[PDB]
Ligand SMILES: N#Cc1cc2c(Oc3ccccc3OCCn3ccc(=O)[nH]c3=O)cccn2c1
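Single chain ahead, by itself, as structure tokens, in the form solved without this ligand.
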């Protein structure tokens, strides 16, 4: 039935009227389904007939629920959404099974007809008017309006979530020994008090919900493991995701690659070692969503490794508050990192990957710090405590970087682990000039109006070299000058330049770059054993 919970007052944006959109021509089977739904909806008081006193309208349509044979009635409240008052959403995230503690008895419940059990504000009911089209196509049409929360309205999800919390508040307050996870109308209930006493406490919850309008049918109420909860497969001692199936097609389109990347990102949370870097770059120039895209034999390689990983069955474990959170990080190359959070060895609470590339110039140490930051904030959400890290970087390497970087960087309590792919700074700029080596006074400048310039060095020994070049800016000329100096040098070299754009790039100690010109400079700065860079005003 309809719950007696007080309705949430809602307003329209100032100076805005209700929508007047027209109904689309629906097909036969959707019209018949809509008339059936609207007839029983009207009998229970969820919708009310209207007439010529209401000038508003909005198209309606239906889709099919996961469990088919049942239709979900939706309203395209797109014009009303632009005029409705703004809301503040209270759902701040998604619960994770890795954050679940071990409970002896567990029960999962689903509220039937969630939205249609919460009343809608009486002053707002006029704007929700719609019109089920003529059965077939000849009669005038029956106009209704919503007395409950409509499906498709921007305010419905926030109103229901607040209403459900108020309904559950009396029960949780008087039963503080029972954990209740609520996501919309999904209810996960688990505790001690073995199944004999657990079911008795569950019937008290269902009776409490029924008194407050909401009904939980026995078809959606699970009593024995495994429990299908929020896409997972909770077991008494472990949890796994619900099965993930990847397409096996041979002609891949842009949309198909996008679908595959999304599923692998979803699967890369309990399955370790998933990489999507080579698959993702296939979308870096595409325009249409239905063009066939070939696989570059590197995306084929990644899709073969990912398919092998997903073939074996993996599972997670439950959080133990009386133990320590440990997170290991591994470098996968090409700016890819993986991590696993565990409390006992070889028993993962959670897994994941980090592959974002921030900035046009970066190195391994900067990326590893970014990976640690992402894990730290993710761990705070799920467990409320930061984990102990096991980074593949030596303490000396980290100590040298953070005492010389111009920014402030920190990593929480961590321990070095000797996983072969170690993180290391590749070169190091000296702090004083080299005695016994040549000095290069190298810089060139281009023109702002013709787009060409020159770049070369002058040495203290008298040698020099110049090369004109076009289609390059003033900044690009300077980088080509420094690169050129490292070219025509020995093993020890002192470089003096008259602009700071190249200095900021080079002192940052990158090992990879999104610009080609910086990349060979890195290949040159690694060969030399001692390099010193000095800046001088342009005079």
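Residue numbers count along the first chain shown, from 1.
Keep in mind that the form solved in complex with this ligand is missing from the display, and what follows is about it.
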Where this ligand sits in the deposited complex, superposed onto the shown form by the site's C-alphas, are 3 or more of its atoms within 2.4 Å of backbone or C-beta (blocked), or none (open)? blocked
Would you mind picking the one in 303, 309, 282, 108 that has a heavy atom within 4.5 Å of this ligand in the deposited complex? 108
Name the residue from 206, 235, 143, 83 that puts a heavy atom within 4.5 Å of this ligand in the deposited complex. 235
Is residue 189 a contact residue for this ligand in the deposited complex, using a 4.5 Å heavy atom cut-off? yes
Look up in the deposited complex whether residue 329 has a non-hydrogen atom within 4.5 angstroms of this ligand, and give yes or no. no
Any chance residue 103 has a heavy atom within 4.5 Å of this ligand in the deposited complex? yes
Mark residue 333 yes when one of its heavy atoms lies within 4.5 Å of a heavy atom of this ligand in the deposited complex, and no otherwise. no
Heavy atom within 4.5 Å of this ligand in the deposited complex: which residues of 315-336 qualify? 318
